[PDB]
S.K.: 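After the structure tokens below, expect a handful of questions from me.
Chain A is the first sequence line, chain B the second, and so forth, proteins listed ahead of strands; every chain is numbered from 1.
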Amino acid sequence: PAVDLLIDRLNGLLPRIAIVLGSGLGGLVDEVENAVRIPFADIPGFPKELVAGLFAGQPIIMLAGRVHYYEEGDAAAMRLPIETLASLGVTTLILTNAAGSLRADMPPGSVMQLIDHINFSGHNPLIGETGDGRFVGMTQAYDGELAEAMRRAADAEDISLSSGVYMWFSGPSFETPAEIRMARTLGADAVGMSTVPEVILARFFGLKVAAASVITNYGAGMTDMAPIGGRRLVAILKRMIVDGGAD
Amino acid sequence: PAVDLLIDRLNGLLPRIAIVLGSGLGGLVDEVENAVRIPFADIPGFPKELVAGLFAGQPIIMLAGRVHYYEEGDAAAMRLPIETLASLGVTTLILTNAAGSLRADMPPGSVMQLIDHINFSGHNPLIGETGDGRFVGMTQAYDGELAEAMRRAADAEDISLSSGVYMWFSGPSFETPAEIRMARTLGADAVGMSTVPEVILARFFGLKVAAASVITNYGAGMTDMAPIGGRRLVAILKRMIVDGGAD
Amino acid sequence: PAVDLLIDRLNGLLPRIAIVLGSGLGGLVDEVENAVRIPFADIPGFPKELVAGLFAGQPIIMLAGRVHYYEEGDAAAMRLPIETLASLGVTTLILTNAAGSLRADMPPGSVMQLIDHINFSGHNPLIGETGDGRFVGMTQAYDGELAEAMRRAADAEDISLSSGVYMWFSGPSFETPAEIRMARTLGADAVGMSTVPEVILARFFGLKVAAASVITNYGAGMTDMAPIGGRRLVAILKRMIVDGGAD
Ligand code: HPA
Ligand code: HPA
Ligand code: HPA
């Protein structure tokens, strides 16, 4: 159904990797050779565009935008697209986002790869699903091989890449200083309103996952770098993909 | 629509301040000169009465009662009234409630002003809202100037006023001793089932916020003063308002 | 309505105790003298079978299975059955489940009775209920007299019985290592996706509650005994019931 349309649309392009673009990274859609832009509304069932082509000399699909849980209160907003990506032969999903840092040592404009997360005030996107596949193990949701490759790519470009735990809050209002003190007490390094439900759905669909946050601000109570933060992340990603033949 | 009705009803009274009355304080509606009582059912859209008149020689609207999240599972129950208050020219919202104390040093009958909160098992009232106004900063949700005035008024009446962080639980069942141990570990000073969603909505609508809890009990596992607690709070409020010309 | 059917079905059997059977314990339904099996679909309103008869020489109802919050997103799934049990004259509810251990000292195959719980990412089953009965005190949700009897029965059989706090996560995906570190930091000894909403509903309906988890695994990041774990629990339960005349 959705799979059918995209297959027609893709020239017979066969990407192994898809990238969900967070705020600040929307522009990456432009640096895509032989690009094929598909609006979300053309795609039946999809909840804002899908772009497929060559990036870093390798075939990719990008989602410019995503629907967040806070928008309609639907944590499974991204279920159908993620399923569709899986059915197109994508084996790897890279998720990017904007986040607040809970660490002095990790200022705005820093990039942090996710090694784990905490679902705090989100809802679980697999509620209402049937069959035993729903009991998804999440011990290594963030693929160890991909997390290493990203680290190696950052070192090759000589960009700092932090590592840490992302805590998901529903939003859309930001956190109070007390909620931020709690988040830290609970073990998070950064907070945000996205990504986690897509990681869960990805693991449900058998996709390997990497993720990274651009730090745009310190968390509330601790008191624009979002563009250079994003250019840093893009450079790590590009380098990561060129170095990977079978990635 | 709702604004229209209240404007007709209010004699051309123009309050800057509204007070949401928690359990125990319902009676304050009676000590209101030139009072104008409006039942909630007369007001179209409202989810229990609205009372406007002179209090402490100053124009006020009071909500005797509120709809809690636990009643129908609607965290935005109070959205329409709070919006309506804003549209009537109210610039300041004072929220009162009953809460459980997590501090030995803060017994039943104490009054605690809120300097911050933690939304624990509530839902965010702005889920499903559109436009960038929904990304409400909550760094100083509890107005610093109002929190000081309340403190000064308490000292002038020689009433103790505690200060602390309120944690919101959905309810309607109370917390277990283990949940109370957690609440403290997470940094709360008091717990309850109200207020926080109205603070969020208020900040969304540009209103300055003050809040205070009457402590009616210690939190579960730590083991009637609710009336004197309320009379203490009323005395602080009255004093706060008489001392403020432009409040 | 549901009460009517079960009364007809029960031969005029009058159980004081009901047992909700978790994964692994379904088989206990077989060791029930004079058994009367009733499928859930025969029972009007029920959300998988109800079995009543003699167990350990005493009259009992067992629920083989339960509907979890994660299945349809309905935390009050078990409301109607629990109410129905109360209306049949059941005064005591024993809940069993599978759980993950957060303690080295409590390995897979251990049995842990619940002395308290933490509702973490569950929803409260009493949201949407009317009347003052909904404000259920939960200071001693796990009956002290029943918890002692279970302990005494374990010692008589010479089985180890741990004691601790169960934290409820919605599921259906399992917890990340970071969520497990948090659960411990918040004071839990074991985690799972069940039981807590039924404890709340039970207390709402005036039933005394005992609960126990079979430990099937360590919690994520810390790295089959579920059958012997269950046989241990069954032995404690049997011994507990034979020793109780008025239990
Ligand atoms: O501090 C934050 N909190 C939540 N979401 C965010 N997205 C960017 N920064 C933040
Ligand atoms: O201890 C409490 N818990 C929750 N709500 C409350 N409202 C008054 N006291 C309490
Ligand atoms: O580790 C666990 N987590 C959640 N539910 C469970 N049920 C059995 N083990 C577990």
Side-chain angles (χ1 to χ4, degrees), chain A residues 99-107 112 114-122 162-171 173-193 196 213 215 217-223, chain B residues 100-103 114-122 124 138-142 163-169 175-192 196 219 221-222, chain C residues 102-103 116-121 165 167-169 175-189 191 219-222:
Chain A
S101 161
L102 313 179
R103 301 303 165 186
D105 39 288
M106 191 175 62
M112 195 202 74
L114 274 69
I115 52 166
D116 214 353
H117 71 239
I118 294 178
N119 179 359
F120 184 75
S121 61
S162 300
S163 272
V165 180
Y166 177 93
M167 176 168 298
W168 176 31
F169 287 80
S170 74
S173 56
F174 292 97
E175 304 73 24
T176 60
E179 293 170 344
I180 296 302
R181 289 196 295 276
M182 168 186 86
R184 188 159 41 239
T185 296
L186 296 187
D189 298 297
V191 298
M193 313 183 179
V196 164
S213 300
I215 307 307
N217 56 277
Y218 286 114
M222 290 173 77
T223 295
Chain B
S101 161
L102 313 179
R103 301 303 165 186
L114 274 69
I115 52 166
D116 214 353
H117 71 239
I118 294 178
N119 179 359
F120 184 75
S121 61
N124 192 301
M138 296 288 287
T139 306
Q140 189 188 111
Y142 300 90
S163 272
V165 180
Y166 177 93
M167 176 168 298
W168 176 31
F169 287 80
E175 304 73 24
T176 60
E179 293 170 344
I180 296 302
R181 289 196 295 276
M182 168 186 86
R184 188 159 41 239
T185 296
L186 296 187
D189 298 297
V191 298
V196 164
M222 290 173 77
Chain C
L102 313 179
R103 301 303 165 186
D116 214 353
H117 71 239
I118 294 178
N119 179 359
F120 184 75
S121 61
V165 180
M167 176 168 298
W168 176 31
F169 287 80
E175 304 73 24
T176 60
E179 293 170 344
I180 296 302
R181 289 196 295 276
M182 168 186 86
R184 188 159 41 239
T185 296
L186 296 187
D189 298 297
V191 298
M222 290 173 77

S.K.: Would you check, one step at a time, whether the test side chain to side chain contact (heavy atoms under 4.5 Å, CB included) holds for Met222(C) with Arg184(C)?
M.R.: CA-CA 12 Å; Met222(C) 290 173 77; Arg184(C) 188 159 41 239; 4.0 Å; yes
S.K.: Taking side-chain hydrogen bond (donor to acceptor under 3.5 Å, both in side chains) as the test, write out the residues that go with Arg181(B), two or more places apart.
M.R.: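 Partners of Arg181(B) by the side-chain hydrogen bond (donor to acceptor under 3.5 Å, both in side chains) criterion come out as none, since no residue qualifies.
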S.K.: Report the residues that fulfil ring-ring contact (aromatic ring centres under 6.0 Å, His included) with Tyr142(B), sequence neighbours left out, ordered by chain and then residue number.
M.R.: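 Counting only residues at least two positions away or on another chain, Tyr142(B) forms a ring-ring contact (aromatic ring centres under 6.0 Å, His included) with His117(B).
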S.K.: Who pairs with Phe120(B) by ring-ring contact (aromatic ring centres under 6.0 Å, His included), at least two apart in sequence or on another chain?
M.R.: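 Result, ring-ring contact (aromatic ring centres under 6.0 Å, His included) vs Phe120(B): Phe120(A), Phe169(B), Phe120(C).
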S.K.: Identify the heavy atoms of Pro177(C) and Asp116(A) that sit nearest to each other, and give their distance.
M.R.: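 Nearest heavy atoms, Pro177(C) then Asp116(A): CD-OD2, 3.1 Å.
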S.K.: Looking only at atom types and distance, does a side-chain atom of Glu179(B) sit under 3.5 Å from a main-chain N or O of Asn119(C), one as donor and one as acceptor?
M.R.: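 Present.
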S.K.: So, the side chain of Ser101(A) versus the backbone of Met106(A): is there a donor-acceptor pair under 3.5 Å, distance only?
M.R.: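 Looks like yes, one N/O pair under 3.5 Å.
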S.K.: CE/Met182(B) to CG/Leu102(B) distance, rounded to the nearest 0.5 angstrom?
M.R.: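 Answer rounded to 0.5 Å: 10.0 Å.
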S.K.: Please enumerate all residues that pass side-chain hydrogen bond (donor to acceptor under 3.5 Å, both in side chains) together with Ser163(A), with sequence neighbours excluded.
M.R.: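 If we apply the side-chain hydrogen bond (donor to acceptor under 3.5 Å, both in side chains) test to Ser163(A), skipping adjacent residues, the hits are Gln113(A).
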S.K.: Could you list the residues that satisfy side-chain hydrogen bond (donor to acceptor under 3.5 Å, both in side chains) with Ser173(A), not counting sequence neighbours?
M.R.: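 Listed in chain order: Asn124(B).
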S.K.: Any chance you could lay out the side chain to side chain contact (heavy atoms under 4.5 Å, CB included) test for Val196(B) and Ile118(B), step after step, and finish with the verdict?
M.R.: CA-CA 8 Å; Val196(B) 164; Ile118(B) 294 178; over 6 Å; no
S.K.: Donor-acceptor check, side chain of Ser121(A) to backbone of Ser170(A), threshold 3.5 angstrom: yes or no?
M.R.: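 Yes; at least one donor-acceptor contact below 3.5 Å.
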S.K.: Using the side-chain hydrogen bond (donor to acceptor under 3.5 Å, both in side chains) criterion, which residues pair with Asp189(A)? Sequence neighbours excluded.
M.R.: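 Partners of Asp189(A) under the side-chain hydrogen bond (donor to acceptor under 3.5 Å, both in side chains) test: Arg103(A).
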